[PDB]
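First up is the structure itself, then whatever we jot down about it.
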Amino acid sequence: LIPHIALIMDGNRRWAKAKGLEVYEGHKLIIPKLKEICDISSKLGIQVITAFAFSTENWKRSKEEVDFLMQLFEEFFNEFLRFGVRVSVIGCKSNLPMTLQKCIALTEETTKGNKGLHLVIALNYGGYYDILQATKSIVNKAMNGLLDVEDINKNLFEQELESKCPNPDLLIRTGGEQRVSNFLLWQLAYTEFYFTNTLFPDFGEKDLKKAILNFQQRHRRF
Amino acid sequence: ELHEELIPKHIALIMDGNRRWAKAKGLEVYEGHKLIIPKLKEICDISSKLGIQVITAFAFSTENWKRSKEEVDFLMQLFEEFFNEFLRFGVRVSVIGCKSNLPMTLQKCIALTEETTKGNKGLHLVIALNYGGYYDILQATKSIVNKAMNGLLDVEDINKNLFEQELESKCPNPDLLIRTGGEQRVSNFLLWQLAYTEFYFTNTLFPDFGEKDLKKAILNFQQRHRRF
Numbered sequence: 087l088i089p091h092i093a094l095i096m097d098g099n100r101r102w103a104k105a106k107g108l109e110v111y112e113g114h115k116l117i118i119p120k121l122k123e124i125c126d127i128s129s130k131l132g133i134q135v136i137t138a139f140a141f142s143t144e145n146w147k148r149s150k151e152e153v154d155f156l157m158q159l160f161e162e163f164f165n166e167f168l169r170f171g172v173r174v175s176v177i178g179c180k181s182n183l184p185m186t187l188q189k190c191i192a193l194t195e196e197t198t199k200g201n202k203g204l205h206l207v208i209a210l211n212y213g214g215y216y217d218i219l220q221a222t223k224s225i226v227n228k229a230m231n232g233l234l235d236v237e238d239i240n241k242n243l244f245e246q247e248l249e250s251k252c253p254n255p256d257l258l259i260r261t262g263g264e265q266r267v268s269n270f271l272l273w274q275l276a277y278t279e280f281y282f283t284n285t286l287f288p289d290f291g292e293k294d295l296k297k298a299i300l301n302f303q304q305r306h307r308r309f
Numbered sequence: 082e083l084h085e086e087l088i089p090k091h092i093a094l095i096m097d098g099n100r101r102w103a104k105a106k107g108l109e110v111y112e113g114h115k116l117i118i119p120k121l122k123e124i125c126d127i128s129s130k131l132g133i134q135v136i137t138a139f140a141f142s143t144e145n146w147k148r149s150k151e152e153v154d155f156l157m158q159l160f161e162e163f164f165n166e167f168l169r170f171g172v173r174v175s176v177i178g179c180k181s182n183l184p185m186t187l188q189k190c191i192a193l194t195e196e197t198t199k200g201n202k203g204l205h206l207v208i209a210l211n212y213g214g215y216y217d218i219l220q221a222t223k224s225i226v227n228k229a230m231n232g233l234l235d236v237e238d239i240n241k242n243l244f245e246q247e248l249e250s251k252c253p254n255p256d257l258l259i260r261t262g263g264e265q266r267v268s269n270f271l272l273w274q275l276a277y278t279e280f281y282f283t284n285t286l287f288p289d290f291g292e293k294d295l296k297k298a299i300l301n302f303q304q305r306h307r308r309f
């Protein structure tokens, strides 16, 4: 009974403020924390992790914070070039700075043959966005004579979505909020929801093992 | 005590626990199912008094067809009795889900209750019957494809606003989802519409879920609003 885990990595701001640091000090930990969580998850046999790095609503933050995050994401993709996990990105890439677009493309191509755990970064992603782009794609295929309206079913639709099957078995959200905040809407239809007040920079091996134990107990119960 | 200004305007309800409740009570399986009618009357009355404006209740999922034909036939007769009972109850009633797959008498009972209550002025009760989140997104997609193929739509106009016009569960979306029975998942209920909804899970079984349990859920929603 080991879970695909979807991860909403909330609590970085609160963690830094409680410690007396600037806001960016918690964001900055996305790189060592995801390396830490990839190592633990590979040992337990996970398979896929999808991490919500930047929502389509995150553009409404200050330009200084958004500019920091975009530079941080560039450093992230550079650091995962030789880390050994397979890396993919979902989200609208054409709205990102060009250097980030090319770093994403390089890391996706460089790591595409890495074996084992697949880390999916949702960057400029939202559930609405994913469903709408799948809808537009399906409309375009119908208008070009490539599909019939009657062929539009769950199988066809899930092939057009950016987050692919197998869908998450378990969603973990740190930071205490009990909502999904426009993450993987279609893909969460049967996912187990696990919410913890633990802040993301404090989320470690013992916290992940607790979430998996809770997932296993719930599976036996229902 | 609740703050009047922080009452959720739309609550989505997954009504789980009827079978386990009947088993624990020494009753047959159908005894729990039958309570949908008095239970939803009771929750409608409580919700009207607290100022809730919309309740969407998950009565029959697209996966519920996998139960025995005897159980499905019983439920279909129960739903017909439900809509007859709500003809004169005084709330506005709407149904979302695939109606063409339902028995014809039930299709026409649904249609009559929707038409008869469409001018009722308070709480709006939406019954999700032969409904799923996948179904809603797929039928919206098929509708948009059909309009495009019939020359009625410029593809550059396909956006969130257009998509929301085609979905069956409409804005405003649920502020709060309550699921009884202890499971912590949404089980293919209102997928698009739950993007920002607060999730509240309780071990209380649905036939036991009453005024105090609903007030507890609302009180919890308000505290989350203060916190975040």
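Chain order of the listed sequences is A and B. With the authors' numbering applied, the first sequence covers 87 to 89, 91 to 309. Following the authors' numbering, the numbering of the second sequence begins with 82 at its first residue and continues without gaps. We put the CB at the ideal spot given by N, CA and C, even for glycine.
Buried versus exposed, by CB contacts within 10 Å (16 or more), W146(B): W146(B) is exposed by the Cβ-count criterion.
Own chain residues within Cβ distance below 8 Å of residue 90(A), not counting five before or after: Between 89 and 91, chain A has no modelled residues, which means residue 90(A) does not appear in the coordinates.
Bounding residues of the alpha helix (DSSP H) (the contiguous stretch that carries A105(A)): In this chain, the alpha helix (DSSP H) harbouring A105(A) covers 99-106.
Residues within the segment 267-281 of chain B neighbouring chain A, beta-carbon criterion of under 8 Å: Within the segment 267-281 of chain B, those residues whose Cβ lies closer than 8 Å to any Cβ of chain A are, in chain order, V267, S268, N269, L272, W273, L275, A276, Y277, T278, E279, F280, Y281.
Bridge-paired residues (DSSP) for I208(A): Partner(s): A138(A), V176(A).
Residues that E279(B) bridges to, as DSSP identifies them: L257(B).
Cβ neighbour criterion (16 or more within 10 Å) applied to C190(B): So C190(B) counts as buried.
Residue span of the alpha helix (DSSP H) that contains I239(B), given as start and end: If you look at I239(B), you'll find it isn't in any alpha helix (DSSP H); DSSP assigns it neither H nor E.
Residues near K120(A) in its chain [Cβ-Cβ closer than 7 Å; skip 5 each side]: Within the same chain, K120(A) has close Cβ partners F287, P288.
Which of helix, strand or coil DSSP assigns to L272(B): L272(B) falls in the coil class under three-state DSSP.
Short-range partners of chain A found in the segment 242-271 of chain B, where Cβ spacing is below 8 Å: Listed by position, the residues of the segment 242-271 of chain B near chain A (Cβ gap below 8 Å) are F244, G263, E264, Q265, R266, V267, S268, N269.
Cutoff 7 Å; reference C252(A); Cβ partners in own chain excluding five residues on either side: Only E245 meet the Cβ criterion.
Proximal residues of chain B, C-beta to C-beta of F309(A) below 8 Å: Result: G263, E264.
Per-residue DSSP class, three states only, for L300(A): DSSP places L300(A) in the helix class (H, G or I) of the three-state scheme.
Beta-carbon proximity list for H205(A), same chain, < 6 Å, skipping 5 on both sides: Only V135, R173 meet the Cβ criterion.
Interfacial residues, the segment 209-236 of chain B to chain A, with Cβ spacing under 7 Å: Residues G214, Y215, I218, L219, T222, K223, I225, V226, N227, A229, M230, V236.
Collapsed DSSP secondary structure at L94(B) in the structure displayed: The answer is strand: DSSP assigns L94(B) an E or B state.
N- and C-terminal bounds of the alpha helix (DSSP H) containing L219(B): Its alpha helix (DSSP H) spans residues 214-230.
Selected residue, minimal CA-CA separation from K296(B), among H114(B), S129(B), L233(B), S181(B): Distance from the Cα of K296(B) is smallest, within the candidate group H114(B), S129(B), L233(B), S181(B), for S129(B).
Three-way DSSP call (helix, strand, coil) for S181(B) in this model: If DSSP states are grouped into helix, strand and coil, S181(B) belongs with coil.
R148(B) in three-state terms, based on DSSP: Reduced to three states, the DSSP call for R148(B) is coil.
Among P184(A), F167(A), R307(A), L243(A), nearest to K122(A) - alpha-carbon criterion: When each option's Cα is compared against that of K122(A), the closest is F167(A).
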